[PDB]
Structures are given as structure tokens and as C-alpha cells.
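Colleague: can you look at this? It's an experimental structure, sequence on top.
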Amino acid sequence: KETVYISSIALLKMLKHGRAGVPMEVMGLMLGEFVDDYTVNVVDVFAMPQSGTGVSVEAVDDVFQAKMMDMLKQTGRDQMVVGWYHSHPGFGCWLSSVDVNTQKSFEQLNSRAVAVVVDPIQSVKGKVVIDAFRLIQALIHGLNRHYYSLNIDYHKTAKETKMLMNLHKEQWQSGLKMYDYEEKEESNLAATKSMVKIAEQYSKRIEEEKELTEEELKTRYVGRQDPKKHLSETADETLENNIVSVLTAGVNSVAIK
Amino acid sequence: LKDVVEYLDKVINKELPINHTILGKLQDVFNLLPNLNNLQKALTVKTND
Amino acid sequence: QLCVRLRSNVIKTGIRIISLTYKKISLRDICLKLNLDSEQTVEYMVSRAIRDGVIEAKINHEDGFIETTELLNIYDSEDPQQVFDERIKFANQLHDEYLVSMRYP
Ligand SMILES: [Zn+2]
């Protein structure tokens, strides 16, 4: 039920610094605000210099930190330090015990402070691997034992999005574009489960409608819609969406190869 | 695709100076051609589905 | 005299059940379950059942045991495409027909 909302600039600065430090792990701090018990919002990030030793407690640099703080004050960015990013390149997202102790050093600052692990290399143009969570593949380290996972979402202002739109100009390329497949897996599934759901509704309307007059039936059902029209209706989206879905791939395979 | 073909002609013929920045991008176009966990049956299973 | 024709059908059933419940059976045993005299009798009767599209088997003669045909994977291949396609078309012209006789309003 608990969650964090990670603004775009945070996420991009994140992945940038991470990808830039490869193949060594980088750390930094997270600026935001705690809405309620159920939420942490992260609007900002700044990057913490390298250390001779690995990412660790003293890697956090007071001088550097406050030195950044005030200079953000002058920009009005004033926020708490709500968590700290990090990266475990190639190793997936989990906290080593050494990650843990530091996480505690951020518990005693604020009890709700969170840990964010980013994984630059295997995060790729598909799904981005990211994780945020706090203490008490990954189960080897006691995913649930010493600590526990959290959830993540992304705040987007209208204008933000509007900038992001113009990145790709798809106006020429449309029609060879194949939309995300997993999404049409939930599509082609939930659609079918639904058709099942209204099947026996159409069954009940044919039996009841059989033994009861139309004038009586209307009184009952006018509230909802004619389950025969959810068959007639719902069959379509599956039909044509799946025919363009098939054809599009049939073309990309033979044409593009 | 026409465009690029006869252009490349103009490179080996019209002697338009070699433009590397384009050739790089052509290469990058080849690097992305799908070889075709084989993707082939990865696709077949879908189309069936 | 209608009913006394069933002696064919009954035996067809006997074979079909002996098929669904066994992957492969020595002729001896089928001949026991069907009470018949001889194996030689059997493979005439079963050879008949196959031609009628009942069993979908083959027969191993030298060892004398029926073997029933399997499903042989192949899903990852394109055969489901062809099959589904035939079924699809044959669904279409059902839809068609039901709209051609529909004209009357
Ligand atoms: Zn770490």
C-alpha cells in the first residue's frame, strides 16, 4: 500500500549518473517530501562524489552535502533528504549488509527514509530495473528478512509530458509501429475473461426473456446494456485489434528482415 | 530505400565526398536487422496465440 | 430387425473404448476383452474400425499390438496457423449465410 512517486528529472538524472559510473557503483541523495504514512515523493536528486572505498556511510560527504543544500536554497529547491540512490550494476537490485548499515544511518535521520537501488547495465531500452525499499535473486540476501520491498510510480505534469511527446515524431513512421506486446497480453486475456463473464448473462437473458414478456423485461434490464451487445461489441476489439496486430508483424518480419 | 541506393551510387560515381556520419548510420541500420530463445519461434508462438 | 443390426455398432463401441483407455495393447488382450475366438478375427475387426475414422491408430503386426496415434507436439510450428485458418473461414461463411438469409426486413 505504501508507495513513492519519482519525478521525471529525478529518474533521468538517476539513470544518467548510474550509466556514467559503470563499471563502478555510484551513490547520491534524494530530495522530496513525505505526504503521509503511505507515500514518499521524490522531486530532486544530486550526485555524490566517488570514494576510495565503496559506497558506504562516510561516502556521504557532509561538506559536499550542505554545500549543495544552500546552493539549492538559492534556487528554492528546499526539501528533506528522503532517501539515497545507489547502484548495483549487473547484480540486480538488493541491499548488501553494507548497504544495510548505511540505510540505518539514514533511519536515525528519518524513520521513513528509503533506499533506492538502480542497476545501470541490465536496465535496457525495454523495462528499466529500479527498486526502492527499506529495512526492518534478492531472497538470497533476505529480501523479506532484514528488509522489505516498496512500490514506485512517476509524477508527470502536463507540460512535462508535452515536451516528451516531441522527442519522437511518429507522424511518418506510424503503421509500422507495434505497440507493447505484454499490454496486448493483458488485452487479449482480460477481453476473453470478460466475454466469458457476459456469456452467461446473455444466457440468462435468453432464458428469462423466453419465459417473460418484453414489456416486463425492459422494466428490469433498461438500467444496464443488452448483454448481447457486449458480445457483438466486445468480439470486435479482439477481432480487428488482433488482425492489425497479426498483419503488422507479418509485414515487419518479411519487409524489415 | 530508393533514395539511399542511388545516393550511394553518387558516392561511388558522382564522387560526392565520403560522408562518414552517414555510413555510420547505415551500419547502425544493419546492426538492428533482426536475425530471423530464437526470435523466430518466439514470433510463431505469438501468431498462433 | 432394426435392433439386431446393432451388433456392428456394439462392437464399434467396444473397440473405441478399448482404444481410449489404452495407448497400445497386445491383440491377445483385446480378443479377451471382446470375448472373440481369434486374434486373426481381431485385426480384421480393428483394421475395419480404423478405416471408418474411429480409432486413429496403427497396428504392429509382428508383435500384434495396436498403437494409437499421439498429439506429437508441433504447437511451436505453423500447423496451428493452417488449422485455425480453416476453422476461421468456415466460421465466416456461416456468418455470411446467416446474413444472406437475413435480408427479409
Ligand atoms: Zn550497494
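Modeller: Noted; the coordinates are in hand. Numbering: from 1, shown residues only, chains lettered A, B, ... in the order given.
Colleague: enumerate the residues of chain B near chain C.
Modeller: B:41, B:44-45, B:47-48 (CB under 8 Å from any CB of the partner chain). To be clear about C-beta, it is placed using only N, CA and C from the backbone, and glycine gets the same treatment.
Colleague: and these as a markdown table, adding secondary structure, neighbour count and distance to residue A:39?
Modeller: Formatted as a markdown table, the residues of chain B next to chain C follow (DSSP: H, G, I helix; E, B strand; the rest coil; neighbours: other CB atoms under 10 Å in any protein chain shown; distance: CB to CB, whole Å):
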| residue | secondary structure | neighbour count | distance to residue A:39 |
| --- | --- | --- | --- |
| B:41 | helix | 12 | 44 |
| B:44 | helix | 17 | 45 |
| B:45 | helix | 13 | 41 |
| B:47 | helix | 15 | 43 |
| B:48 | helix | 15 | 44 |
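Colleague: now, which of the residues you listed sits nearest chain A?
Modeller: residue B:47 (6.2 Å; CB to the nearest CB).
Colleague: helix or strand: which one has residue A:148?
Modeller: Assigning secondary structure by DSSP states H and E places residue A:148 in strand A:147-149.
Colleague: that strand near the ion at all?
Modeller: No. On the criterion CB under 5 Å from the ion, strand A:147-149 is out of touch with the ion, staying 12.3 Å away.
Colleague: find the closest residue to the ion in chain C.
Modeller: Nearest residue of chain C to the ion (CB to the ion) works out as residue C:76 at 40.8 Å.
Colleague: quick check: residues of chain B near chain A?
Modeller: By CB under 8 Å from any CB, the residues of chain B that approach chain A are B:33-34, B:36, B:43, B:46-47, B:49.
Colleague: please repeat the previous calculation with a cut-off of 7 Å.
Modeller: B:33-34, B:36, B:43, B:47 (CB under 7 Å from any CB of the partner chain).
Colleague: and those, which are buried?
Modeller: Buried members of these, scored by 16 or more other CB atoms under 10 Å in any protein chain shown, are residue B:43.
Colleague: using TSV, lay out the residues of chain B next to chain A together with secondary structure.
Modeller: As requested, these are exported to TSV (DSSP: H, G, I helix; E, B strand; the rest coil):
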residue	secondary structure
B:33	coil
B:34	coil
B:36	coil
B:43	helix
B:47	helix
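Colleague: so which of the residues of chain B next to chain A comes closest to chain C?
Modeller: If you rank the residues of chain B next to chain A by distance to chain C using CB to the nearest CB, residue B:47 comes first, at 6.5 Å.
Colleague: verify the stated contact: that closest one with residue C:81.
Modeller: Yes. Taking contacts as CB atoms under 7 Å, residue B:47 lies within contact range of residue C:81: 6.5 Å.
Colleague: what sits in contact with each of these two?
Modeller: Here residue B:47 and residue C:81 have no joint contacts, going by CB atoms under 7 Å, 6 or more residues apart in numbering or on different chains.
Colleague: list the contacts of the strand holding residue A:148.
Modeller: A:95, A:100, A:133-136, A:143.
Colleague: find the closest residue to chain C in the stretch 1-150 of chain A.
Modeller: Minimum separation of the stretch 1-150 of chain A from chain C (CB to the nearest CB) falls at residue A:126, amounting to 23.0 Å.
Colleague: is stretch C:70-82 up against chain B anywhere?
Modeller: Yes. In terms of CB under 7 Å from any CB, part of stretch C:70-82 sits within range of chain B, namely C:75-78, C:80-81.
Colleague: may I ask which of those has the most neighbours?
Modeller: Taking other CB atoms under 10 Å in any protein chain shown as the neighbour criterion, residue C:80 ranks highest of those with 16 neighbours.
Colleague: what about that residue, distance to residue B:44?
Modeller: Distance, residue C:80 to residue B:44, using CB to CB, to the nearest Å: 9 Å.
Colleague: up against the ion, what does the stretch 51-200 of chain A have?
Modeller: A:88, A:99.
Colleague: can you tell me the closest non-neighbouring residue to the residue in chain B positioned nearest to chain A?
Modeller: Nearest residue of chain B to chain A, counting by CB to the nearest CB: residue B:36, 4.9 Å away. Counting by CB to CB, 6 or more residues apart in numbering or on different chains, residue A:257 is the residue found nearest to residue B:36 once chain neighbours are left out, at 4.9 Å.
Colleague: wait, the one you found sits on residue B:32?
Modeller: No. Between residue A:257 and residue B:32 there is no contact under CB under 7 Å: 11.2 Å.
Colleague: so which residues of chain A form strands?
Modeller: Assigned by DSSP state E, the strands in chain A fall at A:3-6, A:27-33, A:39-48, A:80-85, A:114-118, A:130-135, A:147-149, A:152-153.
Colleague: what about residue A:91, how many residues nearby?
Modeller: Residue A:91: 14 neighbours (other CB under 10 Å).
Colleague: quick one: it and residue A:132, what's the gap?
Modeller: Counting by CB to CB, the gap from residue A:91 to residue A:132 is 16 Å.
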